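Report on the following structure.
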Amino acid sequence: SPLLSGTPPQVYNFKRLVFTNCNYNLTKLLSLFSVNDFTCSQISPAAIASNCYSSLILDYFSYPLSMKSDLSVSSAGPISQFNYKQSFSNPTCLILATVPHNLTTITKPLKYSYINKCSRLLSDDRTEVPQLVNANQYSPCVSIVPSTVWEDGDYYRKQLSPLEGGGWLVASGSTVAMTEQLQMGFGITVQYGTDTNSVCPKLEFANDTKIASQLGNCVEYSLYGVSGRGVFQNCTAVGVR
Amino acid sequence: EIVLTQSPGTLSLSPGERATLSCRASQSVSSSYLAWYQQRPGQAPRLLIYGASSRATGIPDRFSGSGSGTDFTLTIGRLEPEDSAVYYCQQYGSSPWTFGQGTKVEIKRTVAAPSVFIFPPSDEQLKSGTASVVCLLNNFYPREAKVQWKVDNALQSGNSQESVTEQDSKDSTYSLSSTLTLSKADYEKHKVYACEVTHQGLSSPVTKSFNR
Amino acid sequence: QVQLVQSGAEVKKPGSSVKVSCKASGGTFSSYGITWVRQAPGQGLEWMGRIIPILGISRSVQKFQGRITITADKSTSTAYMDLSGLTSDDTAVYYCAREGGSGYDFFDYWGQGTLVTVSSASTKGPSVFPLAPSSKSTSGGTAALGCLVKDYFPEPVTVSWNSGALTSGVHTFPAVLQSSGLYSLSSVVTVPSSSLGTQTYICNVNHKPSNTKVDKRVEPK
C-alpha cells in the first residue's frame, strides 16, 4: 500500500520495504502496473511468484526505460556503481515497470536524476579515490546531492571535518528528460532461511474444502490443528463461541 | 535566462557620500542568489558580495549587500577615490548565469587645472613614414577637456585623435594625449605647432609654442 | 589563495582555433572548477563554460555548444578551452575563474585575461617613435618625457619603464584606431631628475604576437 502514493524517490535515494512475516500476492501488484522488463538472476522470473522465503526486500524508484541497460550486474556505468547496487550473494529479481493513466496518486517527479560521479579527494596533495557503493549502502555521496538534481550536470562538494578526514567528498549529478508516463524500477532481494520461512503466497482453499456444501457426508476434517473424520450438521449453538 | 536592469550607470558623488546601485530582475530569482562584483580600470573583476548578503573574505564592510526576490541593492556607506570601478550584479540563480549590464562609479573630488605640454617630432620617424606631433595634458579633472591643434597660427580640421586615460586609483585625475599625425614631408614653413585647451581648469585657453 | 596565470593574445583568422591555457599556480587543482567568462571589447561579461578536473565533467552554455571544448590535465594541473570554428565576432578578452560548487558558483579568484583577436588582416611590429623631452618645462617637479609606440596592428603591447621599476607616474593611454587597422598608444613618465638623470636607459616594450622587444634611451633636447 505505501508504494502507491506520493512522489517515488530518485534512484540513489530508493526507499525500502522489508517484509519478514506476511503473505504476498505479487501479481495483485503487477496487475496495477504495465510491466515492461522482468529480469531476474539466481531465480527464475516465474519462480519469484510462488515460493516461501525468510525476508522479502523491495526497493522502488523512478527510472526511465531510456537507460535500462545501466541497471544490472553487467554495467560499469554510474547507475550500478555510485547509485544502487544489489547483493550478488542472494537471489534477486529486477522489474522495470510503467504507470498507467487509470492509476491515481502516483505523482510525477519532474525528472530522473542520478549520481554520475562520487569521489574523495585526499587530505594529502591531489590523490583521488572513487567511492564504490557496496550492498545498498545509500551511496555515501547522498548527503550533498539533493533529492533531485537541478540541471544537466551539477557539482556538489563538502569538506569532511578535519580528521576525519580532510577529504572533499565530491559528487556530481546528471538528469534525463521527463517521459509522459512515470517509468519506475523495482528490485526484490529475497533470501531464504536456515529452516524457517515466513513469507509465502496467500493460497486460499476452495469450496471443496468447505464445511458448507458437505453436510451429511463422511469427510476428513482439519480445523485449526484438530483433525479427524466425521459428519457435520447444522444445529443450534451450544457452549461458548 | 534572465535579462536584468542595473543602476542609472555613470554616477558623480563626492567622497564620504553613500552610493546605491540597483539590480531589478525581469524574471523572479531566489531571495539570496545574486553576487555583486567590482572590476577596476584595466584588470580582472574581484568578488565584492556573494548571496546578496555575505561579503567576500577581505572586503572592507563599507560595501553592504541587501535586496531580495526581484530588486537587489548594493550600498557603499563611505566612498574613497579607490572605489572608481565598474560593478556588475550576476544572478547565479538561474541558467545560464547572466551578468548585469554594469554600473560605473566616478568619485567627484577636485577640478584639476591641467598641465599642457607638446612633444614635437624628432629625427627618428622624421627619417621614415608619417611623423606625428602630440599634446600631453597631464593631471586634469574632470574628462571635460577639449584640445584643438593650431598650425602656424592657423586653426586645424578634424585630423586630430584624442585619447584620455581612466582616473588613477589614488590620484582620481584624467590625463590626455591629443595626436596630430602628418604627411612626413610637410614640415617646411609651419614654424610653430600648438594645442589649445578649454577646461573648467584655468581661466584662459592655454595655447602653446614649438618653433625649434 | 591560488593566483591564476593565463596565456597571451592569440591572433587567429576568421575560421581557426585557439587553446587558451589557464595555469593553476600551486600545483593544486582541488575541488575547484574553472569557469570561463567572455567580455567583448567595451561590453559586459557572459558565461562560456565550466569544468572540474577532479571529475573531468564539463558544461557549456547553449549558444557556444558544438564549437567549444573545455578540458583540463589534472596531473599537470592546467586547464584549457579550444574555441574551434570561431567567427570574427568572438574577438574579446577571455577570463578563467574559480568555481565553488553547486549553490556557491560565484567566481572567487580570476585570471589576468587573454585577448583573442580574430580577423585576417595582418601582424605588424611595434615601431617605437622618438621621445624628445621638452626643454623649458616645470622648475623641477615634473620633467615630462615619454617614448611613443605608433604603427602596430595586434594589441597588446605593454610598455614599462625601467623594465618594471619606475612604477610611479607611468601614464599609459588606450590604443586608438588609425586610418589603417593598426592602432597606436602613448607611454609617458615624470622625472624630478632634471639635468643628466640617473636611470634614462629605459622603455622596454613587449609585443605578445610579434615577440619584438625595443629599448631606447631618453635625451633632453
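Chain naming here is simple, since letters A, B, ... match the order of the sequence lines and numbering starts at 1 in each. Reckoned from all heavy atoms, side chains included, excluding hydrogens, waters and symmetry mates.
- Of the options B:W97, B:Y37, B:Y50, a side chain to side chain donor-acceptor pair (under 3.5 Å) to B:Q90 is made by B:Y37 and by none of the others.
- Comment: A:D152 does not engage C:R59 in a salt bridge, judged by the lack of any side-chain N to carboxylate O separation of less than 4.0 angstrom.
- Judged by distance alone, the side chains of A:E151 and B:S95 do bring a donor and an acceptor atom under 3.5 Å apart.
- The minimum heavy-atom distance linking B:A25 with B:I2 is given by the pair CB-CG2, 4.2 Å.
- A:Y156 and A:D154 form a side-chain donor-acceptor contact under 3.5 Å, judged by distance and modelled atom types alone.
- Annotation for A:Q233: atom CD does not count as buried by contact number, only 12 or fewer foreign heavy atoms lying within 6.0 Å.
- Looking only at atom types and distance, the side chain of A:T127 has no donor-acceptor partner in the side chain of A:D124 under 3.5 Å away.
- Under 3.5 Å, the side chains of A:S5 and A:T105 contain no donor-acceptor pair of N or O atoms.
- Considering A:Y114, A:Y60, A:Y84, A:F186 as possible partners of A:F14, the one that fulfils the ring pair (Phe, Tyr, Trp, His ring centres under 6.0 Å) test is A:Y84.
- We find that C:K63 and C:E46 are joined by a salt bridge, their nearest charged nitrogen and carboxylate oxygen being less than 4.0 Å apart.
- Ring-plane geometry between C:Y32 and A:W168 is classed as tilted, the angle between the planes lying from 30 to 60 degrees on a 0 to 90 degree scale.
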side-chain contact (heavy atoms from CB on, under 4.5 Å) between A:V176 and A:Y63: does it pass, once the steps are laid out? CA-CA 10 Å; A:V176 65; A:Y63 194 60; over 6 Å; no

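- Annotation for A:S69 and A:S74: closest pair O-OG, 4.3 Å, computed over non-hydrogen atoms.
- In plain terms, the two heavy atoms of C:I34 and C:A79 that are nearest each other are CG1-CB, 4.2 Å.
- Rounding to the nearest 0.5 Å places SG of C:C22 at 10.0 Å from CE of C:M81.
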Check step by step if side-chain contact (heavy atoms from CB on, under 4.5 Å) holds for A:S55 and A:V199. CA-CA 7 Å; A:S55 66; A:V199 55; over 6 Å; no

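- Once rounded to the nearest 0.5 Å, the distance linking OG of A:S62 with CD of A:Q183 reads 9.5 Å.
- Side chains of B:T73 and B:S66: a donor-acceptor N/O pair is present below 3.5 angstrom, by distance only.
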A:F33 vs A:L3, test: side-chain contact (heavy atoms from CB on, under 4.5 Å). Steps then yes/no. CA-CA 12 Å; A:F33 282 82; A:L3 199 150; 4.1 Å; yes

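- Of the N and O atoms on the side chains of C:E99 and C:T35, at least one donor lies less than 3.5 Å from an acceptor on the other residue.
- Judged by the 6.0 Å distance and 45° axis criteria, C:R50 is not positioned over the aromatic ring of C:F107.
- Looking only at atom types and distance, the side chain of C:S17 has a donor-acceptor partner in the side chain of C:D82 under 3.5 Å away.
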